[PDB]
Amino acid sequence: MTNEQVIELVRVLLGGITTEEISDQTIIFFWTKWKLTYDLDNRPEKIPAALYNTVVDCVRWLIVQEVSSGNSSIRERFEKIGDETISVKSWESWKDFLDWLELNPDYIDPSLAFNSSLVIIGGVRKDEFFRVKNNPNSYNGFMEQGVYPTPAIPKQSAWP
Amino acid sequence: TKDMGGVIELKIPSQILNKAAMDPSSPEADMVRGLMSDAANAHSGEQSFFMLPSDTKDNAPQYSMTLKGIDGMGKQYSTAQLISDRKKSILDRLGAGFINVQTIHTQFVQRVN
Amino acid sequence: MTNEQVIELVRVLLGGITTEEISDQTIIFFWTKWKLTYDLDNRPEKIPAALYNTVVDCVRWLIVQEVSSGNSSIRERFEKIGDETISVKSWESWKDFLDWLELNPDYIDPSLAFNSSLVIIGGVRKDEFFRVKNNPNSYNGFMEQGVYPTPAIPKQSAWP
Amino acid sequence: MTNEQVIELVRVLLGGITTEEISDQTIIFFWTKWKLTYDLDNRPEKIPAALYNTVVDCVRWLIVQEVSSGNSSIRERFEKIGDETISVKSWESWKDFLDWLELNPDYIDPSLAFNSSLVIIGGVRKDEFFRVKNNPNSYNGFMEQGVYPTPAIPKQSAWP
Amino acid sequence: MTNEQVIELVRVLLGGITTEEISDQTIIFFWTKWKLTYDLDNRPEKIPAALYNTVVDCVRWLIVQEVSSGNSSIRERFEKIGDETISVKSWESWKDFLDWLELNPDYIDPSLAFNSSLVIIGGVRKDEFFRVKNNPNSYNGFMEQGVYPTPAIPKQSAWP
């Protein structure tokens, strides 16, 4: 993806967010950070992964933007300069959205292979059995040397 | 080999575990490396004991040490008597089943002669 | 389905939503996203599936539209420019609707084959029993080689 | 990293914090603290580690800035010098952000190797098994001398 | 550390606290107290320890400064001398900060060796085993004399 498409895509995904709420320079800053770490030009397979992380970081910057200003710590207002009176009572709204977004990554890109390896059962596949068995660093139960080593007990996991 | 009854389990707040992984030269890293070796050598002897912090954050404590056990019932089939039945099953065809304890064995040899 | 019917069908399903609340461009953007991932022109069996994801994505964009604006974080208002006084108090309503819609896909298309494979019991079908048995990668309990392999124990799941 | 980029990077990460809220002097003070403890000029492998601690320390100084002033202990205000009336009601917001930041270090630098060694199982690796076994200071169960020492029991952990 | 650096360091750590809130004389009073007890001139290894305790004592003096005055026991105010009305409703804020500070001593000096000996397991080190074994004052299980002393039971912990 080029530098101009990312701002176009992020703004649409964030419900048409405006420039003052989030500048185009900040989006490039997070976009560039994941470009150098994932060398997207070298391997184009990380386009969905780099795109998903970029949006999440932008939401994080939005939350901290409410902080460091007076918006986060106020929950009341009252103006009265005569006959005009106004009283109203997004920091908390951005919170659960970030939690919700991390649970539905398909909203960004459906090809993220999300939710595929929840349950793992060991010893029910030949591919997984031999990979563990043939690992030279593996130490299993058949290596119990006891008091002092004896040649009756194997020193390697793999079968001869 | 796989009947890990009474194995030692340790619970530590993830703040210490995560700090050690990213700061190899921090006090958290030293204590984590000490645990990985001390826990392996934890036998029963003249000086075996445990000392853990007693902090509490929620209904569950921050630090704990318990010995695991099978939460329910163990195996039922008693594989020992399965093998004994099959051994007597094999030796009977050769007339040599008396080792599991004129005879059958002597009469069997006469057939071959 | 063509590019014009999707807007017509979505608006009716969403209770006659207006143009300003959701533009026809945004509907096409999500519609085009699933067209290329499901090559609807090549296989028309995914028309209900593509339609269902399109409507859900539109609701997701509607929720994030309330966020990134002042509508989400306000819960009071008061106007007075003289004798006229007004005081009133969709971010919360769009939330549960998405949860409800995800549980009733028949409202979009009855042919989605929803809610058919909840309960699975193994070993009670010949088709499934032989599928696992004849799988060359399967590793079952009869392969327990022990200390070292012996020719008395099978190395393949399928019967000779 | 040089003395000027740290301020530029910190402000962007903290959502464009202003100069009056945190001076550039204070940022250097915490930056210099970790430079001498991690000799960054001698070993550049600690650039992410020094950067992470610098940002966290700045947040800590921000929290104590609300304390030691009137901002922390007040939760109401009311002004009236005639017809003008104003009534409104960051110490609490900066608290949870520090807790959140301590749980998401990837927001600062993805190369921090966060969350990699949570679960440890002993005796399942040859590298770790021999490290403890060959340690001259190790004392294991096979050294139980009893009432008085005997030459039938080893005095060293490593095998001959 | 000299007498002038400590005030400079404490004020920065406390978020730029002013002179009226805490005088420079009180800081010296607590600084001098830990100097004579830890003879910093004799052993410069206690610079972090004396510095950490000095800041904690200052926070304690800040808490008791709210007490012994009217600030602690009031939680309302109302002034009305005509058209000017003011109404507002740090003793409690300094409380949890002292609790928080005692849990994060690295904020003062990272070289305090904090959080290093939480879990202790006995009998798994030769250094710890022989120190207890060779202690002349130690009394262990192998000294059970019973009814009356007999020469069949050792009277010293260390092996001959």
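Note that the chains take the letters A, B, C, D and E in the order they are written out, and that residue 1 is the start of every chain.
Please note the rule applied: a contact is a pair of C-beta atoms (placed from the backbone, for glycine too) under 8 Å apart; a residue touches a chain by one contact, two chains touch by 3 or more.
Trainee: Just how many steps, at minimum, does a route from chain B to chain E need if it may pass only between touching chains?
Mentor: When the steps are counted carefully, the minimum from chain B to chain E is 1.
Trainee: Listed by label, which chains are in contact with chain B and with chain D?
Mentor: In this structure, the chains that contact chain D and also chain B are A, E.
Trainee: Would you say D-E or A-B is joined by more C-beta pairs in contact?
Mentor: Pair with the higher count of C-beta contacts: D-E.
Trainee: Return the chain whose centre of C-alpha atoms lies at maximal distance from the corresponding centre of chain C.
Mentor: Of all chains, E has its centre farthest from that of chain C.
Trainee: Measure off the straight-line distance from the CA centroid of chain C to the CA centroid of chain E, and report it in whole Å.
Mentor: Roughly 56 Å, centre to centre.
Trainee: Could you give the separation in Å between the centres of chain B and chain C, each centre being the mean of its C-alpha atoms?
Mentor: Each chain reduced to its C-alpha mean, chain B and chain C end up 45 Å apart.
Trainee: Which integer distance in Å separates the CA centroid of chain A from that of chain D?
Mentor: 21
Trainee: Going through chain A residue by residue, note those that touch at least 2 other chains and give them in order.
Mentor: 91, 142
Trainee: Would you give the residues of chain B that are in contact with at least 2 other chains, written as numbers and ranges?
Mentor: Chain B, residues with two or more chain partners: 35, 39, 41, 43, 45-46.
Trainee: What is the shape of the graph in which nodes denote protein chains and edges denote touching chain pairs (line, ring, star, complete, other)?
Mentor: other
Trainee: What chain-chain pairs meet the touch criterion?
Mentor: A-B, A-C, A-D, B-D, B-E, D-E
Trainee: Which positions of chain D touch chain A when the two form their complex?
Mentor: For this pair, the touching residues of chain D are 12-18, 21, 83-94, 97, 104, 107, 110-111, 123-127, 129, 142, 159-160.
Trainee: So in the complex, which bits of chain A are touching chain B?
Mentor: Contact set of chain A toward chain B: 141-142.
Trainee: What residues on chain B touch chain A, complex-wise?
Mentor: By the definition above, chain B touches chain A via 1-2.
Trainee: Which residues, counting only chain D, touch chain E once they are in their complex?
Mentor: Chain D reaches chain E through residues 26, 29, 33-34, 37, 57, 60-70, 72-82, 91, 137-140, 145, 147-149.
Trainee: Residue numbers of chain D touching chain B in their complex, please.
Mentor: Listed in rising order, the residues are 49, 52, 102, 105, 112-118, 120, 122-123, 128-129, 131-132, 135, 138-141, 143-144.
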